[PDB]
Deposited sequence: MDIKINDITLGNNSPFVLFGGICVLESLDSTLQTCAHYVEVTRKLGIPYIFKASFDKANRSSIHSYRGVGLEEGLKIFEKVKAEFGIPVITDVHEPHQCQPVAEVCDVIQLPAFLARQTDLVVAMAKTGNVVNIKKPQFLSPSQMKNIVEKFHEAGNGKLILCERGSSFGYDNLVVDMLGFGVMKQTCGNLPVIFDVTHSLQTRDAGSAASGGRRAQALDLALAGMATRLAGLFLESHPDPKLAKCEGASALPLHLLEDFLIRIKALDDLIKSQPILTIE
């Protein structure tokens, strides 16, 4: 099953979509500069693109640290981004009350991985009717995603993206099971599956991210989810050139 996001077709047998932005929003001008960079590179390589950012840093280093511009001033910035660049955007929500006002502005709303079993937040996200990205818990088996999908469906929303972010592997480590992509497709009605390479991790780091991105996208996925300021930006170009080459080849092979 494909999902239309404005002008974009997102699906497991479409050209891959890049989801990319920043960690948490800070300022209007800083958010435009970075989005401008993603847009320039993606445009000239011919890759569809959705801008990602959080208005809130829910888990903070200190009880005293910067948190982000918050919801009220977060949304303002998203509205600009969309006006200036005419692309879709994606952000995470944590409280049920937040869900409808955020869906007003943000094309895709994201269910955080820690919160995926919180039935309140599931129902409230569903009721927006917006496109939803479900982050797979690092503790959850791929064949259990069907149970989250069922809850969304019972609540009346079928516009769901499943998002891989790694599985717990001993203490303080993650491994990505490349077999899980297929299990989610097979058990969840071939909804779009995307791969969050950035959170699945943690010059090698740069190199490591490329290997892992290529491996995931070899399994035939709707999109790649990532971040940068942790990946540089002349590298962004070099990285995507290689991802698009592989994606194009894979998607040209009959299933």
Return the ranges of the deposited sequence not covered by C-alpha coordinates, sorted by sequence position. 203 to 211, 239 to 250, 277 to 280
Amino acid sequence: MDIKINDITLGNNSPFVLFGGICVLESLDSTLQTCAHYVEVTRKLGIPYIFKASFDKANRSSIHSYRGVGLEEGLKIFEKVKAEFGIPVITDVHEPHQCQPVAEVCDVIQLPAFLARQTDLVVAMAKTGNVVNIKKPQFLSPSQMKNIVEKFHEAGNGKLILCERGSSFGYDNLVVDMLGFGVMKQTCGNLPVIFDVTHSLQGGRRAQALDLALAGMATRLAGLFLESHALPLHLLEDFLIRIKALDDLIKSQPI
From here on, numbers count along this sequence of modelled residues.
Can you tell me which stretch has the higher mean Cα B-factor, 5 to 13 or 231 to 239? 231 to 239
Quick check on the record: does 159 to 167 or 84 to 92 carry the larger mean Cα temperature factor? 84 to 92
Looking at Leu201, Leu214, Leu45, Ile50, which has the highest CA B-factor as recorded? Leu201
Among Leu210, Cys188, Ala218, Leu32 - the residue whose C-alpha B-factor is largest in the record: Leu32
Among the modelled residues of its chain, does the C-alpha B-factor of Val39 lie in the lowest, middle or highest third? middle
Taking the values exactly as deposited, rank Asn133 by C-alpha B-factor within its chain and report the matching third: lowest, middle or highest. lowest
Per the entry's values, where does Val176 land by CA temperature factor relative to the rest of its chain, in the lowest, middle or highest third? lowest
For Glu150, does the deposited CA B-factor place it in the lowest, middle or highest third of the chain? lowest
Sorting the chain's modelled residues by C-alpha B-factor, tell me whether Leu71 ends up in the lowest, middle or highest third. highest
